[PDB]
Structure formats: structure tokens, C-alpha cells
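Next comes just one chain, in C-alpha cells: the form deposited in one PDB entry.
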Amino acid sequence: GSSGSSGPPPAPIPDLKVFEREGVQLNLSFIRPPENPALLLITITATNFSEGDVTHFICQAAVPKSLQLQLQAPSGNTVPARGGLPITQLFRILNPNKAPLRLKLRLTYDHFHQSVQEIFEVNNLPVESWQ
């Protein structure tokens, strides 16, 4: 029939701020699937509110040999400046070596008919991720 489980609620991981712009806003989400504990599915949420619709957005990353990285198919190289739907990209990472490393986030796009290049490294990652 139908049966849940016996036990208290776990402790998930709250979003993480990596990039904040007067118009653009990027958020980081960590997912830890039960089937694969050593697997870390990271997600990105780039929102645009400014009066300049973004296009041809490029999202890249970098990880140390120890870990792995998988670039999944995007959703669209276009972001609505009218609070529409942001872009999301899936990235698989293997941390079986039990080594809590960091992740690099490379951003490259065009805004207001101008070149927008900003690179940063998320060093304020949560402990639960590896722990």
C-alpha cells in the first residue's frame, strides 16, 4: 500500500551566492543524490532584471584532477530582462577521494552592447557537501 518512514528530517544545503550584480544574479545549488553519495550535482541560476536582455551567455567551470566535471547541455543562450526564466546547467563531480576541494566559475557574456567578463572561485562552499 503506502508507507513512509520512521525518523527525523535531514539537513539539506541552502543556496550559495557566487555572483551578485545590480541587475544580474547568480545562485549555486548543491544536490546530493542517495544512489550516488560521492556524486555532486551542481546547478546554476542566472537571473537578469536590468533593462538589458542578455544573450549568448557562457557558463564554464574548472576542477582539480582529484575531482571530475561534466558539462551538460544548457537550456538556452538567452536570458529575459523581464524576470523571465534564468538559465540552468547541470555539472557532475566525483569526490570519492574524500577531498573537500573548491570549484571555479567562469562567466563570459555580453550586456548592454558590451563585453562582460568576470571570473571567481567559490571558496565558501558548505561543509555538509563533503562531510
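For every residue, the number given is its place in the sequence shown, counted from 1.
Missing here is the form deposited with a partner chain bound; even so, the following discussion is about that form.
Contact check for residue 110: every heavy atom lies farther than 4.5 Å from its partner chain in the entry with it bound. Proximity of residue 64 to its partner chain in the entry with it bound falls within the 4.5 Å heavy atom cutoff.
In the entry with it bound, its partner chain lies farther than 4.5 Å from every heavy atom of residue 15. Interface residue remark: residue 71 is counted as part of the site for its partner chain in the entry with it bound, having a heavy atom within 4.5 Å. From the list 73-81, 46-54, 96-104, 22-30, the contact stretch for its partner chain in the entry with it bound under a 4.5 Å heavy atom rule is 96-104.
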